[PDB]
Structures are given as structure tokens and as C-alpha cells.
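Asker: Please find the sequence and an experimentally derived structure below.
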Amino acid sequence: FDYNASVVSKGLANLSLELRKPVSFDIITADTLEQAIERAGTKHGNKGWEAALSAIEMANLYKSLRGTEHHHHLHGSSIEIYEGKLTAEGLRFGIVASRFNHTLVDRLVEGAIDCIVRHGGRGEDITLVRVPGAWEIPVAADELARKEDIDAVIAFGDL
Amino acid sequence: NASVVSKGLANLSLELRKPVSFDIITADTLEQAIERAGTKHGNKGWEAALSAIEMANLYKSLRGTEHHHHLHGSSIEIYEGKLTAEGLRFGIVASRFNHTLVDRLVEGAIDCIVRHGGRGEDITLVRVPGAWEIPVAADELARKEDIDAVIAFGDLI
């Protein structure tokens, strides 16, 4: 009656029989306490995922806005639209994080690095800077922002 | 009913001049439940193996070139399997999980094959981690050309 847990079991069971190889299928089982921990963990992961996602869009929007490229139309009605593609290819980024409450903000950083890499961002272009606390961010962020080979800067606070 | 057998053995001891003993066991309220639990599982293993002997012999006669006894009258053929496990090779698949109770079924199914004319040399036992691996393990046993029936014991519900 789940339509998801039943079909996955049927498919794997037939997969092992048809190929004659063991397929150990194990799922999770939580009861009102690991679910809360799991939901808390994924909420932080998404929080840092979208923070790095908007930087990619804004960085591409600036490049397209002040660039010389005839853009596409809404539907073919000649109204050109300027929008930021979610392709972080060729963009260089810089992340500033505070080690205060590092057990949580590191999930924000980890959830932002993979968002850049999966969208085509090369690993050679991401620079991470750690500071003792949020009060050290403005000077550190200023140093990274002045660099010419930096297209966006992401910072994470503490609470 | 229980005193008469003791008297009969006692008279036998004097007649044959040999020490012949007799002993019984008194059961409290708990050991009766323990004894009934063992017998119930032994019967389940006995019946599971019995249902495989009949089907194995049914295939032997169904594909045979010799038809047999008709219905209560005649002119209607009837096919059925005898309970003679002579010359039949078997294969048992059991799960290691809950082995303290699954092994009762296996022991109750081995003697059923033995007491019906089957020798132990034609029995092949295979143990698997859990019930999930039973269908894929019984598949490999059935690939063997020297297997005529497969018995599988799980542990759920």
C-alpha cells in the first residue's frame, strides 16, 4: 500500500534471481527520535545548498546582463528575458565559515561545496577560509572579495 | 492405564530374571506448554516434507506411460501420488535466523523422509542468513539435475 517500498523490493528480488547474484536490500527504521535528528540534519544541508545556488544564479546574471549576447525569448513573443543559468562552469568561489558551532556550520559548508561541484564547478576553484568567530568575517570576507579571480563570496554565521 | 504396564514389566522381570525398569514423568503447568510447542513444530516440518513427497510422486505418475485406478465407478482417470519416498533426492533450505526453532522443523522433516523409505545420502541441506535469501538459494539447488523436490523453512509472523 506504499507503492514505493513494495515495488523496490519486487524489483531487487527479481534482479537477483535473473542475474544469480546476491542483492542485500536493507532500509532504515526510525521511531519519533531519529526522524527528528534526520530532519534537523537535512534542513541544515538544504540551508547551505540554496545559499550557494543563489550565488551561481546572480554571478551568471551579471555576466549575461552586461554581456553582448542576444538572449532568447519568453515563448517567441520577442520579449527577451534575462535570467541566470544554473551552470557554475568557469566560476570561482570563496567560502568563509566560523569554527564557532562547527558541528553545524560544517554541514552548511559541505552542503554548499557539492552544490558547486555537481553543477559543473571544478574543485580547483573553491577556496575555503575559516575564522574563530563571526566577528572575524568582515575583514576576511573583504580580503577575498578584492581578488580578481573570485566571482562570489559566501559566509556563514553562528547561532 | 499406567499401572498395568508397570505390573506387566514387573512380572516379566521375575520370569526372565533380568532387571527391567519402568519410569514416567509428571508435568507441571509450564513443561506442558514447552512440550506442546516442540510437537507442534515437529508436525509442521513433518507435514511440509510430506507434501513434497506426494507432489514428487505425482509428477512421476502424471508423466508416466501407465494410467491407474479410476474413480468410485470407472471411466474417469485419477492421478495421485503415493507416500513412498524411495529413490527421491531432496533439498532443504533453512534460515539461520531464529535457528533455535527452525532446526526443529528440519529435524522433523528429515525423519519423515527417512521413515518413508528415503536414505539420508539423498538429502542436501543448505542454510541461508535470512528468509530474504531463500528464493535465490533454492533456485541454485533446483539447477542441480540430482534434485526432485525442494523444502524451504522461514521464520516470520
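Answerer: That came through fine. Numbers count the residues shown, from 1 in each chain, chains lettered A, B, ... in the order given.

Asker: Okay, helices next: where are they in chain A?
Answerer: With DSSP state H as the criterion, chain A has helices at A:5-19, A:34-65, A:102-118, A:137-146.

Asker: Could you report the neighbour count for the nearest residue to residue A:126 once chain neighbours are set aside?
Answerer: Leaving aside its sequence neighbours, residue A:126 sits nearest to residue A:93 (CB to CB, 6 or more residues apart in numbering or on different chains; 5.5 Å). C-betas here are computed from N, CA, C, even on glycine. Neighbour count of residue A:93, defined by other CB atoms under 10 Å in any protein chain shown: 23.

Asker: now swap in the one 3 residues further on and tell me
Answerer: Neighbourhood size, residue A:96 [other CB under 10 Å]: 23.

Asker: Check residue A:79 too.
Answerer: Neighbours around residue A:79, by other CB under 10 Å: 8.

Asker: Kindly report the residues of chain A close to chain B.
Answerer: Counting by CB under 8 Å from any CB of the partner chain, the residues of chain A close to chain B are A:13, A:16, A:17, A:20, A:22, A:25.

Asker: quick revisit: quick one, which of the helices of chain A is nearest to residue A:85?
Answerer: helix A:34-65 (5.1 Å; CB to CB).

Asker: Could you give me the buried positions within that closest one?
Answerer: A:44, A:48, A:49, A:51, A:52, A:53, A:55, A:56, A:59, A:60 (16 or more other CB atoms under 10 Å in any protein chain shown).

Asker: What separation is there between the residue nearest the centre of chain A and chain B?
Answerer: In chain A, the residue lying closest to the centroid (CA atoms, centre = their mean) is residue A:115, at 2.7 Å. Using CB to the nearest CB, to the nearest Å, we find residue A:115 at a distance of 37 Å from chain B.

Asker: Over to residue A:73?
Answerer: When residue A:73 is compared with chain B (using CB to the nearest CB), they lie 55 Å apart.

Asker: can the helices of chain A go into a markdown table with extra columns for distance to residue A:84?
Answerer: A markdown table is the format used below for the helices of chain A (distance: least, CB to CB, whole Å):
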| stretch | distance to residue A:84 |
| --- | --- |
| helix A:5-19 | 37 |
| helix A:34-65 | 4 |
| helix A:102-118 | 14 |
| helix A:137-146 | 19 |
